[PDB]
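Chemist: One structure coming up, written as structure tokens, with questions to follow.
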Amino acid sequence: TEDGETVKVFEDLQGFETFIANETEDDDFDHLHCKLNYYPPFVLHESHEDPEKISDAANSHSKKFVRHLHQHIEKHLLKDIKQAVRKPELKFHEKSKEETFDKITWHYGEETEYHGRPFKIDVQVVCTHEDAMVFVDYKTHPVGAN
């Protein structure tokens, strides 16, 4: 896995989820930032399990691509994040979707607390018109610190 700036960029859910879980055990949960860039399972399954065989139509301009991506986000990705932060019943009370010609961005946000420390979880998920890759950004920070 790459460190793009001071942030780890993972290529699979296992590495990403394990990072978040370990950093939670290590009391670092309120100052985390990592990324995950991958192709969603459905698009690989549609393309002979080869990124080079993915249709050029499989991108943010395909209603089917977007719908199936959202389904994966809601069934798997968020479930993994909730498991890792030890809050399986968490709900994100901030949700948004922004669509431009070039990309669709979903945001899921929640102010929560763990070990007596309040913190904000922000999950950004981006898909684009250029190709089928999905870009996840996971970031936390304290709330109301002085």
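Under our numbering, the very last position in the sequence shown is 216; numbers go up by exactly one each time. Built from N, CA and C at the ideal position, the CB exists for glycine as well.
(1) Per the DSSP calculation, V79 is bridged to which residue(s)?
(2) Ignore the nearest five residues each way along the sequence and tell me which others in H140's own chain have a CB closer than 6 Å to its CB.
(3) Using the Cβ count rule (16 or more neighbours within 10 Å means buried), how would you classify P188?
(4) Note down, in chain order, each residue of its chain lying with its Cβ closer than 6 Å to the Cβ of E181, except the 5 sequence neighbours on either side.
(5) Comparing C-alpha positions only, which one of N92, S130, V77 and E95 sits nearest to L106?
(6) Using alpha carbons as the reference points, say which of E169, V193, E168 and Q153 lies closest to residue 220.
(7) At the level of alpha carbons, what is the spacing between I174 and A154?
(8) Are the Cβ atoms of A215 and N129 separated by less than 8 Å?
(9) For the structure I just gave you, are there three or more beta carbon pairs, one from the region 203-211 and one from the region 93-110, closer than 8 Å?
(10) State the beta-bridge partners of residue 227 as determined by DSSP.
(11) Determine the DSSP secondary structure at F135, reduced to helix, strand or coil.
Modeler: By the coordinates alone:
(1) Walking along the sequence shown from the start, residue 79 turns up at place 9. Paired residue(s): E72 and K105.
(2) Stepping through the sequence shown from its first residue, residue 140 is reached at position 70. Counting only Cβ-Cβ distances below 6 Å, and skipping sequence neighbours, we find nothing.
(3) Your numbering for residue 188 matches position 118 in the sequence shown. By the neighbour-count rule (16 or more Cβ atoms within 10 Å), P188 is not buried but exposed.
(4) One-based indexing of the sequence shown puts residue 181 at position 111. Excluding residues within five positions, the ones whose Cβ falls inside 6 Å are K190 and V213.
(5) For the purposes of this step, residue 106 is taken as residue 36 along the sequence shown, with counting starting at 1. Among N92, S130, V77 and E95, the Cα nearest to that of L106 belongs to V77.
(6) Since the displayed the chain opens at 71 and closes at 216, residue 220 lies outside it and no answer follows.
(7) Mapped onto the sequence shown, residue 174 falls at position 104. Mapped onto the sequence shown, residue 154 falls at position 84. Each residue's alpha carbon lies about 25 Å from the other.
(8) To locate residue 215, count along the sequence shown from 1; it is residue 145. To locate residue 129, count along the sequence shown from 1; it is residue 59. No. Outside cutoff.
(9) Here the region 203-211 lies against the region 93-110, with 3 or more beta-carbon pairs under 8 Å apart.
(10) With the chain running from 71 to 216 in the structure shown, residue 227 is simply not present.
(11) Taking the sequence shown and counting its residues from 1, the one referred to as residue 135 is at position 65. Helix, per DSSP.
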